[PDB]
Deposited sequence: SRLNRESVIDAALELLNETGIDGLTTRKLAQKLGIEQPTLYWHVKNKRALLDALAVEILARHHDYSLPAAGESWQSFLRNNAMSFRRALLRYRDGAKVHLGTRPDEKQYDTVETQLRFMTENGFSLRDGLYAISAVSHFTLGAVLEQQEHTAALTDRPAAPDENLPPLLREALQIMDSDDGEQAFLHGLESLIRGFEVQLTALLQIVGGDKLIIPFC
């Protein structure tokens, strides 16, 4: 079938849902695309290349809150950014695993640079803005991965497991996110005060 970049990424994302990341293979991708393996090789060299592209494309297609709105607080940007990020990672099977360990792509530079600059414009040093952003990413990644991978007792554990059996992960994520954000705020506002 058609083998332009968009079509290959389309088939690859469809395949990723069928197989998950560890099961996804260029052999299976070729079969999906109605092509022989050496044809596919011309377009996509190996699994790693493909995964790196899927990481970019999942966000490009689905992660829509990548920039603060006009006049938006840094707290509110991080919140919305995290929710958007989480929902994009959840859209494909093992999407958080696809994303892990990737560095911003060239096509993401202006976005990520704006995010970093925005934090500095709200009083964070670059370093502290980065650490806030990284913590949001890491928390959201851990929560998504745990959600996507979870797919006699003592009484509090029994209860806790009932609690987790009770939603998709959203409620715990949102509560934890608020805690994170408020902690950043306590840190920012402290300036050089002991806190």
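Missing from the model, relative to the deposited sequence, are the ranges 152 to 163, 208 to 217.
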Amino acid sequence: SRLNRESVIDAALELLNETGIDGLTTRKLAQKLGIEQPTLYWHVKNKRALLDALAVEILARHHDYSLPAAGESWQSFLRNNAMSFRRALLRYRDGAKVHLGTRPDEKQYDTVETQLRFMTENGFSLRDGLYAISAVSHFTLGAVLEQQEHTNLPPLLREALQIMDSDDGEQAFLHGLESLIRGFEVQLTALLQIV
From here on, numbers count along this sequence of modelled residues.
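A summary of the deposited B-factors shows that, of 163 to 171 and 32 to 40, the stretch with the larger mean C-alpha value is 163 to 171. Per the PDB record, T111 has a higher Cα B-factor than any other of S125, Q75, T111, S84. Among all modelled residues in this chain, the alpha-carbon of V8 has a temperature factor (C-alpha) in the lowest third. Annotation for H138: CA B-factor lies in the lowest third of the chain's modelled residues.
Annotation for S179: CA B-factor lies in the lowest third of the chain's modelled residues. In this PDB entry, the Cα temperature factor of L153 sits in the top third of its chain's modelled residues, the highest group. The deposited CA B-factor of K97 belongs to the middle third of values across its chain.
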